[PDB]
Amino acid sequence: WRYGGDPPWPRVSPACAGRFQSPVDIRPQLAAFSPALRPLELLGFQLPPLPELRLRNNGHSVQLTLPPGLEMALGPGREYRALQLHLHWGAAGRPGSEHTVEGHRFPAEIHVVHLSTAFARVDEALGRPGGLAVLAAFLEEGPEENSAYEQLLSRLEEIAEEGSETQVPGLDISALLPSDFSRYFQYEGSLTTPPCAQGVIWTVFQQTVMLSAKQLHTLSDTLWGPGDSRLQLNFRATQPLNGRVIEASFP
């Protein structure tokens, strides 16, 4: 599989043809206020610098493999373990977030993928309701260099080639996310790459995180993918809600 071209996503995995896929267009006016959605709780995201983490250009994204001990809770009794995070981005004057708001596509998006504590392995979780949970935040231009993002983006040159990887010091993973964990949209959907398995709980933050123009250019302009193509516009087309109701932690 490779974005833009073919192989035919259903010909890879039949789940990429499901009715309840991600990403989606968030229309806040059609979102349902649910005061049961409490603030997200993160535990153990402030890493020491050793051991180092593996940052990889997998030719579809850049991903940071997270170590054991990062606990995330969607609520009381809704407990997850972080596995990894990766980015989606566009290109020179072209946004590349996966999710949209009222049709607005943002420059870029971070996904932090988690595994329900009820499951020891991803393959037991796939397609199971609540088995996987993803935290999604939009990346936008601000005036300052984001120092948490700088620790990853200053290493993209080392992993320009598809299939390249490098070691990076542990950092505050929570610092790649918005400070507001209270205000978010939540819906059920799928992985956004094969096998696009359903039952995924998506949490999209209202607050965005700020990168400098230079940071955003480094992300869009440094990596190569399948063949001699620039790794760019690495986002799936928006999928219809198909009668699903996005919830919001706020009216």
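Residue numbers here begin at 1 and follow the sequence given.
- For the pair 180-188 and 218-226, the mean B factor over Cα atoms is greater in 218-226.
- Taking only CA atoms, the mean B-factor in the PDB entry is higher for 89-97 than for the other of 89-97 and 113-121.
- You'll see in the entry that, of 79, 172, 140, 158, the Cα B factor peaks at 158.
- The entry lists a Cα temperature factor for residue 30 that places it in the highest third of the chain's modelled residues.
- Ranked against the other modelled residues of its chain, the C-alpha B-factor of residue 22 as given in the entry falls in the lowest third.
- Per the deposited record, the Cα B-factor of residue 54 falls in the lowest third when ranked against the other modelled residues of its chain.
- Among the modelled residues of the chain, residue 63 sits in the middle third by CA temperature factor in this PDB entry.
- Among all modelled residues in this chain, the alpha-carbon of residue 212 has a temperature factor (C-alpha) in the middle third.
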